[PDB]
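Okay, so here's the structure we're looking at.
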Amino acid sequence: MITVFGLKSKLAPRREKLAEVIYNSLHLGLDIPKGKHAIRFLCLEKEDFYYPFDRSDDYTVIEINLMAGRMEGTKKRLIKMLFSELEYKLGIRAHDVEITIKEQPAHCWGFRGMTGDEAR
Amino acid sequence: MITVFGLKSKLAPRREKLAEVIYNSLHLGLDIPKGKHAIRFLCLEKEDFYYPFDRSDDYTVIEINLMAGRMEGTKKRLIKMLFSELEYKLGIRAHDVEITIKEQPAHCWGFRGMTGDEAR
Amino acid sequence: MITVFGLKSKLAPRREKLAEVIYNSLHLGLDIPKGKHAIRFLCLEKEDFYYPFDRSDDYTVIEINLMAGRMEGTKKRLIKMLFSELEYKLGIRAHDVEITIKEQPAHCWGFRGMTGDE
Ligand SMILES: N[C@@H](CCC(=O)O)C(=O)O
Ligand SMILES: [Cl-]
């Protein structure tokens with residue numbers, strides 16, 4: 001599952017589009033078909049979000065979990081794509097975007113009654 | 001800490017039983033005593049949960065964090081048991097569950113004042 | 001992003017002192033200037049927080065995400081400094097504190113339009 005964190009005031013009305021944008025970059029960048037992944041939104045109240053001092057209220061954190069296996073370039077590509085999509089499609093400046101890809105071996109994944117190393 | 005993510009209407013009512021099942025499979029499958037582990041539940045509002053298109057409102061994500069060291073087979077067993085247990089006790093179709101085990105080096109953990117590598 | 005999880009009744013009044021302490025340990029332990037990292041708080045309802053049964057409702061979990069690279073002893077320092085700070089400055093006993101440092105390769109990070117390895 002992918003999670004997007006942000007101040008509720010700014011993130012709340014941006015949900016549908018951020019989902020479309022991520023589903024787009026996952027497809028276009030990793031060939032994962034749209035809707036294949038779960039996407040969650042966490043809308044923060046002001047007092048819970050201490051974003052970095054030099055950033056703005058649009059500060060958006062994206063956590064992406066993948067089964068380990070891809071090349072660094074492919075991972076870098078999705079990060080660059082995500083920045084572009086956010087800038088040109090939501091007005092969120094790369095400045096205010098933070099992203100992290102977390103990977104775990106296939107055998108640490110479980111979906112559809114199977115472990116990931118056994119999915120075929 | 002282990003986190004369970006699910007849609008509020010479906011997850012809230014099952015909170016108590018899921019903790020038992022998780023404590024049960026942690027105990028039963030890894031030897032961790034009913035309650036040595038923190039378990040958190042995050043109840044999502046519908047607008048915040050884009051589970052995979054073709055799944056149901058019963059979609060439940062489980063994130064499990066452990067100190068590294070167990071063998072691959074041990075971790076698969078845990079995932080496998082969690083699938084069975086949630087099927088039989090909660091009636092959650094395995095197709096509706098996603099699980100990921102995240103592991104971190106012992107020295108990256110902290111509990112009861114020590115670093116994980118120092119413990120006992 | 002670093003996240004701090006705790007019972008809302010105990011965590012909410014602690015947020016500011018808690019951010020200061022994390023910024024302080026990150027600066028002294030890792031040389032990271034205050035305010036460079038985002039800190040998030042997740043205030044829990046009693047119903048959602050099954051902390052271990054022999055623990056107390058002060059139970060606090062801290063997840064720290066770092067770009068891989070630092071030395072093992074540095075990571076350990078940071079953890080030990082955080083136990084100090086929280087107990088002696090917030091009164092939260094080290095037994096009621098769980099911490100985990102999660103590291104990802106620089107190429108897995110993205111900020112200010114760049115990837116961490118760039
Ligand atoms: N969303 C899962 C795959 C789920 C499925 O195969 O049904 C992943 O991160 O790989
Ligand atoms: Cl969360």
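Following the order of the structure tokens, first chain is A, next is B, and so on, with residues numbered from 1 inside each chain and ligands from 1 in the order they appear.
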Discussion item. Could you list the protein, DNA and RNA residues that have any atom within 6 Å of ligand 1, counting only C-alpha atoms and all ligand atoms, and write them as JSON, numbers by chain?
Written reply: {"A": [1, 36, 37, 38, 66, 111, 112]}
For N, CA, C and O atoms, I'd like the residues from the last selection saved as a CSV table (one decimal), in the first residue's frame.
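Wrote it out as again29.csv, contents follow:
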chain,number,residue,atom,x,y,z
A,1,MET,N,0.8,-1.2,0.0
A,1,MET,CA,0.0,0.0,0.0
A,1,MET,C,0.8,1.3,0.0
A,1,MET,O,1.8,1.4,0.7
A,36,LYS,N,-4.4,-1.5,-9.3
A,36,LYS,CA,-3.8,-2.7,-8.8
A,36,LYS,C,-3.4,-2.6,-7.4
A,36,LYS,O,-3.3,-3.6,-6.7
A,37,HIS,N,-3.1,-1.3,-7.0
A,37,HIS,CA,-2.6,-1.0,-5.7
A,37,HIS,C,-3.5,-0.2,-4.8
A,37,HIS,O,-4.4,0.5,-5.3
A,38,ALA,N,-3.3,-0.4,-3.5
A,38,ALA,CA,-4.1,0.4,-2.6
A,38,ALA,C,-3.4,1.8,-2.4
A,38,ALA,O,-2.2,1.9,-2.2
A,66,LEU,N,7.0,-1.4,-2.3
A,66,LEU,CA,7.1,-2.4,-3.4
A,66,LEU,C,7.8,-3.7,-3.0
A,66,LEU,O,8.6,-3.7,-2.0
A,111,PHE,N,-0.4,-11.6,-0.5
A,111,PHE,CA,-1.6,-11.0,-1.1
A,111,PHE,C,-2.4,-12.2,-1.8
A,111,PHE,O,-1.8,-13.1,-2.3
A,112,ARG,N,-3.7,-12.1,-1.8
A,112,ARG,CA,-4.5,-13.2,-2.5
A,112,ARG,C,-4.1,-14.6,-2.0
A,112,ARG,O,-4.0,-15.5,-2.9
Item to complete: Step by step, measure atom-to-atom distances between ligand 2 and each residue using only C-alpha atoms and all ligand atoms, keep those at most 12 Å, then write them as a ChimeraX atom specification.
Response: /A:1-6,40-44,48,61-63 /B:1-6,40-44,48,61-63 /C:1-6,40-44,48,61-63
Worksheet item: Counting only C-alpha atoms, which residues of chain A come no farther than 10 Å from chain C, as a ChimeraX atom specification?
Response: /A:5-6,44-45,47-55,59,61-64,72-73,75-84,87,93-103
